[PDB]
Amino acid sequence: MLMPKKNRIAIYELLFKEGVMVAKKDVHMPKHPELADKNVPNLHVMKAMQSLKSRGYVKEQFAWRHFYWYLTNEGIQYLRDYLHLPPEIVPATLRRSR
Amino acid sequence: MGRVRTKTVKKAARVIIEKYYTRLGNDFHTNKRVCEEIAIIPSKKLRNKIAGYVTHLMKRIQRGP
Amino acid sequence: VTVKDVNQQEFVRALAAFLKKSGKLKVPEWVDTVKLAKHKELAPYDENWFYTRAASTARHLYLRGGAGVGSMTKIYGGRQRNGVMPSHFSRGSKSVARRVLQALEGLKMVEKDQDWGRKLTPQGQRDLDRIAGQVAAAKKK
Amino acid sequence: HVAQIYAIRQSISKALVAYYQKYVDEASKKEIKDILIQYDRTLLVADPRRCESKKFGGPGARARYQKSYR
Amino acid sequence: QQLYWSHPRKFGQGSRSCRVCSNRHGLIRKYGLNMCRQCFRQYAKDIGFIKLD
Amino acid sequence: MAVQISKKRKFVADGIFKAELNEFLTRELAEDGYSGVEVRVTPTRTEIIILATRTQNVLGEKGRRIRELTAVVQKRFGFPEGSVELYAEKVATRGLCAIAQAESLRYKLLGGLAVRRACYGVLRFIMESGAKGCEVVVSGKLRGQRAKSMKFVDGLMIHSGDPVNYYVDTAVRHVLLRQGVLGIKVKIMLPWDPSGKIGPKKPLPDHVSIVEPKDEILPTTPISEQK
Amino acid sequence: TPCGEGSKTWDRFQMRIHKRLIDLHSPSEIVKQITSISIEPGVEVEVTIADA
RNA sequence: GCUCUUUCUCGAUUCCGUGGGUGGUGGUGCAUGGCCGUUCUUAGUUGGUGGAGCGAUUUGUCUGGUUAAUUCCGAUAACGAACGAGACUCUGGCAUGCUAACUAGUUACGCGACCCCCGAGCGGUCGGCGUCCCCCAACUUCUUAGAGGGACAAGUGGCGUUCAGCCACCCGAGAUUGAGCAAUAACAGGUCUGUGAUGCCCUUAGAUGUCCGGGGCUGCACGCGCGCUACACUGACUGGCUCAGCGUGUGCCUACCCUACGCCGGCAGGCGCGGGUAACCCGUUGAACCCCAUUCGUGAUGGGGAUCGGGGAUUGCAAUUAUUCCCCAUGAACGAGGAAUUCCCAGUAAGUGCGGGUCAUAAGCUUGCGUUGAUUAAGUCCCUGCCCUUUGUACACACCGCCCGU
Ligand SMILES: [Zn+2]
């Protein structure tokens with residue numbers, strides 16, 4: 001439900017591991033997609049993320065009982081300092097033609 | 001046993017006999033093959049309904065223009 | 001002659017004479033009180049029906065072999081009149097059907113062939129065609 | 001059961017109709033065919049009529065469930 | 001916590017819902033579609049279904 | 001998918017994924033000239049083509065919007081990393097895809113001009129593009145506080161039978177005006193008799209063509225000549 | 001009718017499917033050549049080696 | 001560990017008032033979108049230029065014959081065009097012709113074998129196989145589905161202004177299978193209870209949000225509308241007998257599929273188990289009424305199978321207000337149904353059975369399939385209604401109209 005801090009950082013790493021993070025709307029499945037090994041019950045991605053979206057650092061979408069949350073480019077600087085990771089500009093963008 | 005062939009068939013057939021009147025004859029089977037060669041008829045059915053009017057129309061023209 | 005040239009409805013009666021003449025296959029302790037299916041409302045009027053039932057299922061093995069309990073229960077079926085609701089199909093009894101097949105085993109009539117389907121022994125066929133030589137010899141349509 | 005009978009009474013006939021052509025004279029067809037056709041057409045010609053589809057509304061093809069009037 | 005989800009729903013009409021509108025009435029389940037009636041009608045074209053007959 | 005699912009389910013699951021993808025895609029490419037996508041199982045690969053005209057969004061700075069949207073699919077539809085990549089294409093003729101017109105009509109309605117000046121412009125463009133016909137229907141609270149309808153027509157407009165399966169293109173989009181929701185229906189008759197950009201079953205059932213005879217051009221009096 | 005009202009009117013959707021099966025008797029790399037250039041339409045190709 | 005009570009931690013992601021309500025099967029389908037139904041299953045509908053009327057409007061859209069059809073030929077102050085019809089798609093027919101088939105037929109054969117004197121036959125050849133084969137057999141009639149092909153008032157004769165066409169007949173699928181598709185203008189026709197499609201209002205912590213528990217949506221003096229069962233002897237009980245076609249069926253964002261075969265159990269069921277992601281095993285789908293025998297004997301009889309008691313199993317977190325299914329047993333209402341009224345004209349009515357759908361438990365319902373197979377029509381506006389034209393009107397939310405006097 002609420003108040004993990006050692007178990008809220010878990011999603012943040014995925015959110016910057018790739019500039020997107022898909023989800024679902026069902027709240028009862030602890031089988032969270034994309035390596036949920038840190039005991040995330042599919043919440044905290046539709047509880048804390050509505051905070052992240054409402055600030056302007058990530059962007060939201062809905063498609064058939066789903067969410068397609070996008071990390072904005074200018075949210076990288078915000079989510080580089082709270083994560084206090086090295087100064088880097090590569091969430092998922094090699095910035096070359098693939 | 002037969003229907004009114006609508007303005008599609010009547011107009012299509014009248015041009016054929018007006019453009020290839022010499023290559024046509026009395027018998028339907030002869031006319032069916034001729035029509036396909038000289039016209040791009042989209043449907044098999046209507047080709048046999050256009051060829052139907054053409055042979056009926058030739059029976060008309062031999063009996064007073 | 002062969003089974004495929006004689007009247008079947010009287011043929012099963014003919015073999016119902018033979019298993020009365022052998023009279024040693026078995027007769028189950030429950031022949032009095034069973035129903036022969038789950039849909040009937042009254043047990044057969046003839047009490048000696050085991051000679052009849054075993055005449056049929058053994059006979060059907062001669063024409064569509066490889067049949068187990070199911071292919072013998074499927075043939076034994078009819079309307080299952082639930083009364084107010086519409087009727088249906090309901091298969092015949094299971095246990096009553098197999099006890100025939102086991103009883104034929106003791107008489108060595110039928111056997112479990114390859115594919116685990118009851119078939120008929122080459123001595124078993126001799127009995128079925130032999131009685132055919134009698135009904136055929138005494139009846140011309 | 002009846003369907004099979006109306007098949008065998010045709011197949012057997014069309015067997016002999018087809019047989020007599022391939023190894024016997026064509027007249028042997030006509031002395032038989034005409035006696036066959038002048039008795040029953042179906043023994044030479046198959047029954048084309050076959051069951052047609054069912055429409056929603058009506059247990060059959062063209063019956064209907066009744067209509068309720070206030 | 002313990003009473004938030006106490007319902008053993010590996011069956012019943014609460015288990016299956018339309019995979020589009022989160023609703024639970026009038027469902028297609030023929031081929032795993034799980035969709036309701038309407039969301040199938042609105043999408044029959046693109047799946048490959050034809051109003052042909 | 002671990003026992004090689006039956007053919008019926010697997011083919012209908014092809015459509016659903018091709019259905020999920022499209023409804024999601026139009027929610028992002030709405031401000032762009034999205035038209036509709038196609039996916040094929042290329043040898044040991046997978047490629048999804050975004051048929052669009054306002055491509056400058058999808059091209060991405062050195063290919064980043066492609067990088068942004070490929071990932072959001074792999075994380076969702078279970079695709080393994082290393083075989084799914086999206087390629088973009090340009091629909092060189094855009095005056096004949098109904099979706100492009102429909103959104104551009106939703107585009108111009110929300111932009112803040114009257115419906116009557118906006119629709120005829122789309123109605124003109126779909127004629128300056130060239131089509132055997134076209135039709136736009138705008139329904140809702142166009143004026144006042146009551147629902148009316150409005151209909152634009154020209155050109156041939158078939159309405160029944162098989163040909164509508166491949167000539168006529170229709171599309172619906174809900175516009176969110178300040179007073180509620182309104183709808184747009186756009187229909188376009190496609191002309192190509194030869195193989196155009198989007199090949200139809202080109203001929204038309206009512207069109208019966210005739211060609212030049214080229215006979216009796218000579219009396220053909222008796223002449224003999226040995227080739 | 002979606003959920004509200006109407007004379008009892010029913011769609012009858014369809015969805016057809018077909019199949020063709022072939023055997024080839026040669027080294028199997030030659031087949032992979034011919035079948036590589038043909039994936040262009042929406043057609044399924046599953047090629048076995050065990051007579052399944 | 002809701003609280004009372006307090007002991008443990010994530011520790012500044014919690015916690016309190018102001019601001020914004022995300023949320024909602026809450027109200028308004030008389031604010032809407034979209035989707036359907038209906039007007040209307042008939043044949044109807046517009047505009048460009050032209051003529052008429054000052055004008056609303058009109059002509060084109062018709063005097064006539066003709067057809068399922070404003071479908072034609074015609075007639076013509078109108079000409080040239082678009083929609084609907086038709087044209088198109090699917091489906092059924094039949095093609096002894098075509099490319100093909102161990103996941104189909106093969107089946108005709110070789111009789112390569114195996115078996116019963118199993119019979120005319122001393123016996124072989126014959127008839128049969130419940131069978132057994134590898135492809136180094138023969139193919140494709142049936143099985144499947146691709147291209148084909150085929151029918152078009154064509155051949156002939158009548159009737160017709162002798163144009164459109166109709167009637168009859170050898171030929172044969174004689175133009176004729178059934179549908180899908182569907183215009184103009186609308187309805188304050190249904191749906192905000194399908195939707196992250198949505199305006200406004202209601203409400204948001206003592207929640208109209210959600211989750212959980214037990215109940216209720218099914219309760220009985222009543223009247224209603226779709227339906228299964230019969231009232232019986234052409235029938236019911238019992239035995240034998242033999243035939244079908246659409247589909248359907250297992251790990252999916254998710255919890256369980258179809259079922260042979262051997263044993264236990266009367267049965268309902270159970271236990272090992274061996275196939276199937278399927279022309280492969282279910283399933284050569286060896287279904288029913290119907291076909292042949294016994295019993296019942298006009299009698300509420302065994303027809304009828306309601307109600308009630310006792311028992312025996314199944315799916316499930318939970319069967320009690322009985323989930324289903326089995327067994328014994330009670331054996332009622334009903335003697336072919338008033339006034340009314342619906343559905344139908346060919347493999348249709350009508351009978352019987354089987355799939356799909358809902359479905360953990362499952363159909364008296366509905367969506368489809370096949371089997372058995374008529375009588376009565378080839379017509380008319382008499383009733384309820386529809387399309388076009390001529391006339392009438394004090395009607396225009398349009399006869400469900402308007403309107404008169406004590
Ligand atoms: Zn839905």
# chains A, B, ... in the order shown; residues from 1 in each chain; ligands from 1
call {"tool": "select_by_dssp", "arguments": {"residues": "segment 1-92 of chain A", "states": "strand (DSSP E or B)", "output": "NGL selection string"}}
result
:A and (20-24 or 58-59 or 62 or 66-71)
call {"tool": "write_last_selection", "arguments": {"atoms": "C-alpha atoms", "output": "short mmCIF file (atom, residue, chain, number, x, y, z; two decimals), in the first residue's frame"}}
result
data_model
loop_
_atom_site.label_atom_id
_atom_site.label_comp_id
_atom_site.auth_asym_id
_atom_site.auth_seq_id
_atom_site.Cartn_x
_atom_site.Cartn_y
_atom_site.Cartn_z
CA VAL A 20 8.97 3.85 -20.65
CA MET A 21 7.22 1.57 -18.18
CA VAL A 22 4.06 -0.24 -19.20
CA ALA A 23 1.54 -1.41 -16.63
CA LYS A 24 -1.99 -2.64 -16.09
CA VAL A 58 6.68 11.73 -16.69
CA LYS A 59 3.73 11.44 -19.07
CA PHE A 62 -4.33 4.58 -21.14
CA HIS A 66 -3.50 -0.33 -19.27
CA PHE A 67 -1.01 2.51 -18.77
CA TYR A 68 1.90 3.51 -21.01
CA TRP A 69 3.79 5.91 -18.76
CA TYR A 70 6.60 7.84 -20.46
CA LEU A 71 9.60 9.45 -18.80
#
call {"tool": "residues_around", "arguments": {"residues": "residue 68 of chain H", "least_positions_apart": "6", "cutoff": "12 Å", "atoms": "only C-alpha atoms (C1' of nucleotides)", "output": "MDAnalysis selection string"}}
result
(chainID B and resid 3:4) or (chainID H and resid 41:43 85:86 176)
call {"tool": "residues_near_ligand", "arguments": {"ligand": "ligand 1", "cutoff": "6 Å", "atoms": "only C-alpha atoms (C1' of nucleotides) and all ligand atoms", "output": "list in words"}}
result
residues 18, 20, 21, 23, 35, 36, 38 and 39 of chain E; 194 of chain H
call {"tool": "closest_residue", "arguments": {"among": "C:102, C:114, C:80, C:95", "to": "chain H", "atoms": "only C-alpha atoms (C1' of nucleotides)"}}
result
C:95
call {"tool": "interface_residues", "arguments": {"of": "chain F", "to": "chain E", "cutoff": "8 Å", "atoms": "only C-alpha atoms", "output": "JSON, numbers by chain"}}
result
{"F": [8, 9, 12, 14, 15, 16, 18, 19]}
call {"tool": "write_last_selection", "arguments": {"atoms": "N, CA, C and O atoms", "output": "PDB file, in the first residue's frame"}}
result
ATOM      1  N   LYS F   8      -6.709 -21.918 -34.200  1.00  0.00           N
ATOM      2  CA  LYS F   8      -7.822 -20.983 -34.086  1.00  0.00           C
ATOM      3  C   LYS F   8      -7.477 -19.838 -33.146  1.00  0.00           C
ATOM      4  O   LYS F   8      -7.589 -18.664 -33.513  1.00  0.00           O
ATOM      5  N   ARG F   9      -7.030 -20.164 -31.933  1.00  0.00           N
ATOM      6  CA  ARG F   9      -6.733 -19.127 -30.952  1.00  0.00           C
ATOM      7  C   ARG F   9      -5.563 -18.260 -31.395  1.00  0.00           C
ATOM      8  O   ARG F   9      -5.605 -17.033 -31.249  1.00  0.00           O
ATOM      9  N   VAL F  12      -6.600 -15.740 -34.039  1.00  0.00           N
ATOM     10  CA  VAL F  12      -7.435 -14.692 -33.482  1.00  0.00           C
ATOM     11  C   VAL F  12      -6.641 -13.854 -32.490  1.00  0.00           C
ATOM     12  O   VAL F  12      -6.951 -12.675 -32.288  1.00  0.00           O
ATOM     13  N   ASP F  14      -3.625 -13.079 -33.192  1.00  0.00           N
ATOM     14  CA  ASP F  14      -2.934 -12.171 -34.102  1.00  0.00           C
ATOM     15  C   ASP F  14      -3.709 -10.872 -34.245  1.00  0.00           C
ATOM     16  O   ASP F  14      -3.134  -9.779 -34.209  1.00  0.00           O
ATOM     17  N   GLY F  15      -5.028 -10.977 -34.409  1.00  0.00           N
ATOM     18  CA  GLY F  15      -5.843  -9.787 -34.570  1.00  0.00           C
ATOM     19  C   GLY F  15      -5.878  -8.930 -33.320  1.00  0.00           C
ATOM     20  O   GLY F  15      -5.780  -7.703 -33.391  1.00  0.00           O
ATOM     21  N   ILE F  16      -6.017  -9.568 -32.156  1.00  0.00           N
ATOM     22  CA  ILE F  16      -6.129  -8.819 -30.909  1.00  0.00           C
ATOM     23  C   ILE F  16      -4.897  -7.956 -30.689  1.00  0.00           C
ATOM     24  O   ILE F  16      -5.002  -6.768 -30.362  1.00  0.00           O
ATOM     25  N   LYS F  18      -2.950  -6.994 -33.049  1.00  0.00           N
ATOM     26  CA  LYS F  18      -3.079  -5.973 -34.079  1.00  0.00           C
ATOM     27  C   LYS F  18      -4.277  -5.074 -33.805  1.00  0.00           C
ATOM     28  O   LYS F  18      -4.490  -4.079 -34.507  1.00  0.00           O
ATOM     29  N   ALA F  19      -5.085  -5.420 -32.803  1.00  0.00           N
ATOM     30  CA  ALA F  19      -6.155  -4.525 -32.377  1.00  0.00           C
ATOM     31  C   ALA F  19      -5.707  -3.667 -31.202  1.00  0.00           C
ATOM     32  O   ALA F  19      -5.968  -2.460 -31.165  1.00  0.00           O
TER      33      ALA F  19
END
call {"tool": "residues_around", "arguments": {"residues": "residue 32 of chain A", "least_positions_apart": "3", "cutoff": "7 Å", "atoms": "only C-alpha atoms (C1' of nucleotides)", "output": "ChimeraX atom specification"}}
result
/A:29,36,40-42
call {"tool": "closest_atom_pairs", "arguments": {"of": "chain G", "to": "chain F", "cutoff": "7 Å", "atoms": "only C-alpha atoms", "output": "Markdown table"}}
result
| residue | atom | partner | partner_atom | distance |
| --- | --- | --- | --- | --- |
| G:36 | CA | F:43 | CA | 6.7 |
| G:39 | CA | F:42 | CA | 6.3 |
| G:42 | CA | F:40 | CA | 6.6 |
call {"tool": "select_by_dssp", "arguments": {"residues": "chain B", "states": "alpha helix (DSSP H)", "output": "VMD selection string"}}
result
chain B and resid 7 to 19 28 to 38 44 to 61
call {"tool": "interface_residues", "arguments": {"of": "chain B", "to": "chain F", "cutoff": "6 Å", "atoms": "only C-alpha atoms", "output": "PyMOL selection string"}}
result
chain B and resi 39-42
call {"tool": "interface_residues", "arguments": {"of": "chain F", "to": "chain H", "cutoff": "6 Å", "atoms": "only C-alpha atoms (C1' of nucleotides)", "output": "list in words"}}
result
residues 5, 6, 160, 161, 162, 179, 180, 181, 182, 183 and 206 of chain F
call {"tool": "residues_around", "arguments": {"residues": "residue 244 of chain H", "least_positions_apart": "2", "cutoff": "12 Å", "atoms": "only C-alpha atoms (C1' of nucleotides)", "output": "list in words"}}
result
residues 1, 2, 3 and 4 of chain D; 246, 285, 286, 287, 288, 353, 354, 369, 370 and 371 of chain H
call {"tool": "atom_distance", "arguments": {"atom1": "atom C1' of residue 149 of chain H", "atom2": "atom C1' of residue 96 of chain H"}}
result
15.2 Å
call {"tool": "residues_around", "arguments": {"residues": "residue 64 of chain D", "least_positions_apart": "3", "cutoff": "10 Å", "atoms": "only C-alpha atoms (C1' of nucleotides)", "output": "PyMOL selection string"}}
result
(chain D and resi 55-61+67) or (chain H and resi 342-344)
call {"tool": "write_last_selection", "arguments": {"atoms": "N, CA, C and O atoms (P, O5', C5', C4', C3', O3' and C1' of nucleotides)", "output": "PDB file, in the first residue's frame"}}
result
ATOM      1  N   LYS D  55     -33.243 -19.206 -40.180  1.00  0.00           N
ATOM      2  CA  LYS D  55     -33.154 -17.800 -39.826  1.00  0.00           C
ATOM      3  C   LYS D  55     -33.448 -17.631 -38.348  1.00  0.00           C
ATOM      4  O   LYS D  55     -34.285 -18.346 -37.790  1.00  0.00           O
ATOM      5  N   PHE D  56     -32.760 -16.690 -37.709  1.00  0.00           N
ATOM      6  CA  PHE D  56     -33.176 -16.309 -36.373  1.00  0.00           C
ATOM      7  C   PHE D  56     -34.604 -15.794 -36.445  1.00  0.00           C
ATOM      8  O   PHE D  56     -34.974 -15.063 -37.364  1.00  0.00           O
ATOM      9  N   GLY D  57     -35.424 -16.239 -35.509  1.00  0.00           N
ATOM     10  CA  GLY D  57     -36.845 -16.012 -35.608  1.00  0.00           C
ATOM     11  C   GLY D  57     -37.449 -17.236 -36.254  1.00  0.00           C
ATOM     12  O   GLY D  57     -37.335 -17.417 -37.468  1.00  0.00           O
ATOM     13  N   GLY D  58     -38.088 -18.085 -35.461  1.00  0.00           N
ATOM     14  CA  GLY D  58     -38.637 -19.317 -35.968  1.00  0.00           C
ATOM     15  C   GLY D  58     -37.715 -20.492 -35.749  1.00  0.00           C
ATOM     16  O   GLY D  58     -36.526 -20.452 -36.067  1.00  0.00           O
ATOM     17  N   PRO D  59     -38.256 -21.572 -35.197  1.00  0.00           N
ATOM     18  CA  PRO D  59     -37.430 -22.767 -34.987  1.00  0.00           C
ATOM     19  C   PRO D  59     -36.908 -23.363 -36.278  1.00  0.00           C
ATOM     20  O   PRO D  59     -35.922 -24.109 -36.250  1.00  0.00           O
ATOM     21  N   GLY D  60     -37.536 -23.066 -37.408  1.00  0.00           N
ATOM     22  CA  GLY D  60     -37.111 -23.572 -38.691  1.00  0.00           C
ATOM     23  C   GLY D  60     -36.561 -22.484 -39.588  1.00  0.00           C
ATOM     24  O   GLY D  60     -36.055 -21.453 -39.132  1.00  0.00           O
ATOM     25  N   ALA D  61     -36.661 -22.722 -40.894  1.00  0.00           N
ATOM     26  CA  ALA D  61     -36.191 -21.738 -41.860  1.00  0.00           C
ATOM     27  C   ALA D  61     -37.124 -20.543 -41.946  1.00  0.00           C
ATOM     28  O   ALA D  61     -36.665 -19.401 -42.037  1.00  0.00           O
ATOM     29  N   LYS D  67     -45.964 -13.217 -31.917  1.00  0.00           N
ATOM     30  CA  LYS D  67     -45.847 -11.820 -31.536  1.00  0.00           C
ATOM     31  C   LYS D  67     -46.831 -11.504 -30.421  1.00  0.00           C
ATOM     32  O   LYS D  67     -47.984 -11.942 -30.450  1.00  0.00           O
TER      33      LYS D  67
ATOM     34  P     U H 342     -53.446 -11.898 -35.519  1.00  0.00           P
ATOM     35  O5'   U H 342     -52.106 -12.751 -35.432  1.00  0.00           O
ATOM     36  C5'   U H 342     -51.056 -12.362 -34.563  1.00  0.00           C
ATOM     37  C4'   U H 342     -50.099 -13.495 -34.300  1.00  0.00           C
ATOM     38  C3'   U H 342     -49.385 -14.057 -35.515  1.00  0.00           C
ATOM     39  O3'   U H 342     -48.275 -13.270 -35.899  1.00  0.00           O
ATOM     40  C1'   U H 342     -50.151 -15.826 -34.132  1.00  0.00           C
ATOM     41  P     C H 343     -47.711 -13.345 -37.397  1.00  0.00           P
ATOM     42  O5'   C H 343     -47.244 -14.855 -37.563  1.00  0.00           O
ATOM     43  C5'   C H 343     -46.031 -15.303 -36.984  1.00  0.00           C
ATOM     44  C4'   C H 343     -45.644 -16.663 -37.502  1.00  0.00           C
ATOM     45  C3'   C H 343     -45.732 -16.857 -39.004  1.00  0.00           C
ATOM     46  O3'   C H 343     -44.627 -16.314 -39.700  1.00  0.00           O
ATOM     47  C1'   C H 343     -46.697 -18.710 -37.914  1.00  0.00           C
ATOM     48  P     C H 344     -44.792 -15.837 -41.223  1.00  0.00           P
ATOM     49  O5'   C H 344     -45.103 -17.179 -42.020  1.00  0.00           O
ATOM     50  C5'   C H 344     -44.072 -17.868 -42.710  1.00  0.00           C
ATOM     51  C4'   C H 344     -44.425 -19.315 -42.937  1.00  0.00           C
ATOM     52  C3'   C H 344     -45.025 -19.646 -44.291  1.00  0.00           C
ATOM     53  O3'   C H 344     -44.028 -19.860 -45.274  1.00  0.00           O
ATOM     54  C1'   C H 344     -46.310 -20.650 -42.574  1.00  0.00           C
TER      55        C H 344
END
call {"tool": "residues_around", "arguments": {"residues": "residue 107 of chain C", "least_positions_apart": "5", "cutoff": "10 Å", "atoms": "only C-alpha atoms (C1' of nucleotides)", "output": "PDB file with N, CA, C and O atoms, in the first residue's frame"}}
result
ATOM      1  N   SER C  22     -25.361 -73.728 -23.431  1.00  0.00           N
ATOM      2  CA  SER C  22     -24.124 -73.744 -22.660  1.00  0.00           C
ATOM      3  C   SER C  22     -24.415 -73.529 -21.183  1.00  0.00           C
ATOM      4  O   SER C  22     -23.987 -74.316 -20.332  1.00  0.00           O
ATOM      5  N   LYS C  24     -23.440 -71.840 -18.696  1.00  0.00           N
ATOM      6  CA  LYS C  24     -22.398 -71.845 -17.682  1.00  0.00           C
ATOM      7  C   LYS C  24     -21.532 -70.598 -17.699  1.00  0.00           C
ATOM      8  O   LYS C  24     -20.558 -70.544 -16.942  1.00  0.00           O
ATOM      9  N   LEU C  25     -21.835 -69.612 -18.544  1.00  0.00           N
ATOM     10  CA  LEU C  25     -21.004 -68.423 -18.659  1.00  0.00           C
ATOM     11  C   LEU C  25     -20.905 -67.755 -17.302  1.00  0.00           C
ATOM     12  O   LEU C  25     -19.859 -67.785 -16.645  1.00  0.00           O
ATOM     13  N   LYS C  26     -22.021 -67.164 -16.892  1.00  0.00           N
ATOM     14  CA  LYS C  26     -22.311 -66.621 -15.580  1.00  0.00           C
ATOM     15  C   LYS C  26     -23.694 -65.997 -15.681  1.00  0.00           C
ATOM     16  O   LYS C  26     -24.157 -65.667 -16.777  1.00  0.00           O
ATOM     17  N   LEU C 101     -18.816 -58.922 -21.025  1.00  0.00           N
ATOM     18  CA  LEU C 101     -17.535 -59.138 -21.688  1.00  0.00           C
ATOM     19  C   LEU C 101     -16.642 -60.068 -20.878  1.00  0.00           C
ATOM     20  O   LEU C 101     -15.975 -60.945 -21.438  1.00  0.00           O
ATOM     21  N   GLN C 102     -16.610 -59.886 -19.558  1.00  0.00           N
ATOM     22  CA  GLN C 102     -15.849 -60.800 -18.713  1.00  0.00           C
ATOM     23  C   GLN C 102     -16.410 -62.213 -18.790  1.00  0.00           C
ATOM     24  O   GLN C 102     -15.650 -63.185 -18.862  1.00  0.00           O
ATOM     25  N   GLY C 124     -13.763 -68.213 -31.586  1.00  0.00           N
ATOM     26  CA  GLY C 124     -14.955 -67.448 -31.262  1.00  0.00           C
ATOM     27  C   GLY C 124     -15.812 -67.164 -32.479  1.00  0.00           C
ATOM     28  O   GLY C 124     -17.042 -67.209 -32.406  1.00  0.00           O
TER      29      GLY C 124
END
call {"tool": "closest_atom_pairs", "arguments": {"of": "chain D", "to": "chain H", "cutoff": "7 Å", "atoms": "only C-alpha atoms (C1' of nucleotides)", "output": "CSV"}}
result
residue,atom,partner,partner_atom,distance
D:1,CA,H:243,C1',5.0
D:48,CA,H:93,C1',6.1
D:49,CA,H:347,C1',6.0
D:50,CA,H:347,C1',5.6
D:51,CA,H:347,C1',5.3
D:52,CA,H:178,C1',6.6
D:53,CA,H:178,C1',6.5
D:62,CA,H:348,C1',6.7
D:63,CA,H:343,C1',5.5
D:64,CA,H:343,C1',5.4
D:66,CA,H:342,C1',5.2
D:67,CA,H:342,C1',6.4
D:68,CA,H:225,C1',6.3
call {"tool": "residues_around", "arguments": {"residues": "segment 1-5 of chain E", "least_positions_apart": "4", "cutoff": "9 Å", "atoms": "only C-alpha atoms (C1' of nucleotides)", "output": "ChimeraX atom specification"}}
result
/A:1,28 /H:211-212
call {"tool": "atom_distance", "arguments": {"atom1": "atom CA of residue 7 of chain E", "atom2": "atom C1' of residue 209 of chain H"}}
result
19.3 Å
call {"tool": "decode", "arguments": {"residues": "segment 66-77 of chain C", "atoms": "N, CA and C atoms", "output": "tab-separated table (two decimals), in the first residue's frame"}}
result
chain	number	residue	atom	x	y	z
C	66	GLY	N	-13.12	-53.91	-31.65
C	66	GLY	CA	-12.37	-52.92	-30.91
C	66	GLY	C	-13.21	-52.12	-29.95
C	67	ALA	N	-14.37	-52.64	-29.56
C	67	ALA	CA	-15.33	-51.92	-28.74
C	67	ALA	C	-15.17	-52.30	-27.28
C	68	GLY	N	-15.14	-51.29	-26.41
C	68	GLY	CA	-15.06	-51.52	-24.98
C	68	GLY	C	-16.38	-51.27	-24.30
C	69	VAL	N	-16.35	-50.72	-23.09
C	69	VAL	CA	-17.59	-50.38	-22.40
C	69	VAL	C	-18.35	-49.30	-23.16
C	70	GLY	N	-17.65	-48.25	-23.59
C	70	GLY	CA	-18.32	-47.12	-24.20
C	70	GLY	C	-19.10	-47.48	-25.44
C	71	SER	N	-18.44	-48.13	-26.40
C	71	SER	CA	-19.11	-48.45	-27.66
C	71	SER	C	-20.24	-49.44	-27.44
C	72	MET	N	-20.29	-50.07	-26.26
C	72	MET	CA	-21.45	-50.89	-25.94
C	72	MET	C	-22.49	-50.10	-25.16
C	73	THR	N	-22.06	-49.08	-24.42
C	73	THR	CA	-23.03	-48.21	-23.75
C	73	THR	C	-23.67	-47.24	-24.73
C	74	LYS	N	-22.91	-46.79	-25.74
C	74	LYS	CA	-23.46	-45.85	-26.71
C	74	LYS	C	-24.59	-46.47	-27.51
C	75	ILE	N	-24.44	-47.74	-27.91
C	75	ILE	CA	-25.52	-48.40	-28.63
C	75	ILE	C	-26.74	-48.60	-27.75
C	76	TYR	N	-26.55	-48.80	-26.45
C	76	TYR	CA	-27.67	-49.00	-25.53
C	76	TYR	C	-28.12	-47.64	-25.01
C	77	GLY	N	-28.99	-47.00	-25.78
C	77	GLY	CA	-29.46	-45.68	-25.42
C	77	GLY	C	-30.70	-45.30	-26.20
